[PDB]
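1. the data below comprise the sequence and an experimental structure of the protein.
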Amino acid sequence: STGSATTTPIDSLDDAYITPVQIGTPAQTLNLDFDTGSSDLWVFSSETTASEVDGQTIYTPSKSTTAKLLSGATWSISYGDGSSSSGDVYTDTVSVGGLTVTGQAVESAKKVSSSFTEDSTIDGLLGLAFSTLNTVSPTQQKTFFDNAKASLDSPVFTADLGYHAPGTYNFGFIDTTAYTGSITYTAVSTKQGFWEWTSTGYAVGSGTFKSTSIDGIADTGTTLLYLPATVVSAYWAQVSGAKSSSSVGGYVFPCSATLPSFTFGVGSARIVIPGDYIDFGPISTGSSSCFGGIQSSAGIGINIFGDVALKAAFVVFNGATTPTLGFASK
Ligand SMILES: CC(=O)Nc1cccnc1N
């Protein structure tokens, strides 16, 4: 089997991407944030505290003839940005782009933190990291990809995120029309439960490539590119007037600037992030200070190849017995 679904930016900055997902019988379609940095499929629901729902579409298990309470199971998750959610668990039929999994754990939120409430466009998250990170207790549950994997034509999914435009998540096949050149594959460590890999270096604009190992994670659920402070300082030093602002929370730059590109290495290959992808716009409405899309990972504990980096590439998440990542230009 295969599936193919379009993923759409939630706003004009590509702060996140939503993909429609069918849950239950008859189908209830919710727009979920596909997240290769976590491993829980959770949704706003008829159980979510009413004051914490503000415009989201909810899953109502009592209206699904295939929903079953997973008795005694609870979940609770906290993400790197400080947001969180928790609740109980149903199993139900879940379909993405024509690919159907029966008996998928659908984690129903009873509580969500303010950042989820305030984002009316995101109805929940669909985790695509390794199932060892799933938070359901006392019986850990499998991700949608892990449940689908044996049925797929090939044990893979691909992320093809657009810049200011829709893109595609495919399951079970690699669309050879969606990228240019060849795909370069690189090793993955699953020891932390992430799609963790080692970039071979970077360049700033037209500058020379610096060969240096940068361990980090491919995370579709993180907006920006978080890299070591040395690398980030070298980037922003090429932008007149750019500075790190403790009050704002990262590097800012004059909105009048033209940003240089940023290149990262995948083995001997190179992925170029155009300068425009690094512009996250005014820090507040009407400001002439703009927020940068490359930020320091110092204090996070891990480097994160988030959407800023991933949307410059066609990315293969290879879930074979030994997982690997593939990157191609597009
Ligand atoms: C850095 C970070 O926390 N990212 C993130 C936030 C919420 C959900 N998934 C994620 N991958």
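-> Here it is on my side, so go on. Numbering: from 1, shown residues only.
2. residue numbers of the stretch 201-330 of the chain in contact with the ligand?
-> Proximity of the stretch 201-330 of the chain to the ligand is assessed by CB under 6 Å from any ligand atom, with 219, 221, 222, 304 identified as the residues in range. Where C-beta positions appear, they are placed from N, C-alpha and C, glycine not excepted.
3. neighbour-wise, which of the residues you listed leads?
-> Neighbour counts for those peak at residue 219, which has 28 neighbours (criterion: other CB atoms under 10 Å).
4. now that one: phi and psi?
-> Torsion angles at residue 219 (phi, psi; degrees, to the nearest 10) stand at phi -130, psi 100.
5. how much space separates it from residue 61?
-> Between residue 219 and residue 61 the distance is 29 Å, computed by CB to CB, to the nearest Å.
6. all helices for the stretch 201-330 of the chain, in order.
-> All helices of the stretch 201-330 of the chain, identified by DSSP state H, counting those that start in this stretch, fall at 229-236, 307-310.
7. out of these, which one sits most buried?
-> Each of these was scored by mean neighbour count; the highest is helix 307-310, a mean of 26, by mean count of other CB atoms under 10 Å.
8. how does the chain divide into domains?
-> Residue ranges for the domains of the chain, per CATH domains of a matching chain: 5-174, 175-330.
9. so which of the residues of the stretch 201-330 of the chain next to the ligand belong to strands?
-> When strands are assigned by DSSP state E, the members of those inside them are residue 304.
10. which one of the residues of the stretch 201-330 of the chain next to the ligand is nearest to the ligand?
-> Within these, proximity to the ligand (CB to the nearest ligand atom) peaks at residue 221, which comes in at 2.9 Å.
11. circling back: report the two of the residues of the stretch 201-330 of the chain next to the ligand separated the most.
-> Greatest spatial distance in those: 221 and 304, 9.5 Å, computed using CB to CB.
12. so what's in contact with those two at the same time?
-> Contact criterion CB atoms under 8 Å, 6 or more residues apart in numbering; residues shared by residue 221 and residue 304: residue 37.
13. spatially central residue for the chain, please.
-> Closest residue to the average C-alpha location of the chain: residue 220 at 1.8 Å, with CA atoms, centre = their mean.
14. tabulate the CA atom coordinates of stretch 136-143 in CSV.
-> Once side chains and other backbone atoms are set aside, the C-alpha atoms of stretch 136-143 remain, and they are given as CSV (Å, rounded to 0.1, in the frame of the first residue of the first chain):
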residue,chain,number,x,y,z
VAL,A,136,1.2,6.2,26.5
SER,A,137,1.2,4.5,29.9
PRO,A,138,1.1,1.7,31.0
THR,A,139,1.3,0.2,27.5
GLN,A,140,3.4,2.2,25.1
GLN,A,141,1.8,2.6,21.6
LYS,A,142,3.1,2.6,18.1
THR,A,143,3.2,5.5,15.7
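15. what's it in contact with?
-> With CB under 8 Å, 6+ apart as the contact definition, stretch 136-143 has outside contacts at 39-41, 70, 72-75, 89, 105, 107, 127-132, 134.
16. from these, list just the buried residues.
-> Buried members of these, counted by 16 or more other CB atoms under 10 Å: 39-41, 70, 73, 75, 89, 105, 107, 127-131, 134.
17. out of those, which sit inside strands?
-> Helix and strand membership here follows DSSP E; of the buried ones among the contacts of stretch 136-143, those in strands are 41, 70, 73, 75, 89, 105, 107, 127.
18. my guess is the fifth one contacts residue 109. True?
-> The one in question is residue 89. No - counting by CB atoms under 8 Å, residue 89 does not reach residue 109; the two are 10.7 Å apart.
19. quick revisit: any chance of the helices of the stretch 201-330 of the chain in CSV, plus distance to residue 158?
-> As requested, those are exported to CSV (distance: least, CB to CB, whole Å):
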stretch, distance to residue 158
helix 229-236, 27
helix 307-310, 11
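20. which of those helices sits closest to residue 9?
-> Distances from residue 9 to each of these were compared by CB to CB, and the smallest falls on helix 307-310, at 9.0 Å.
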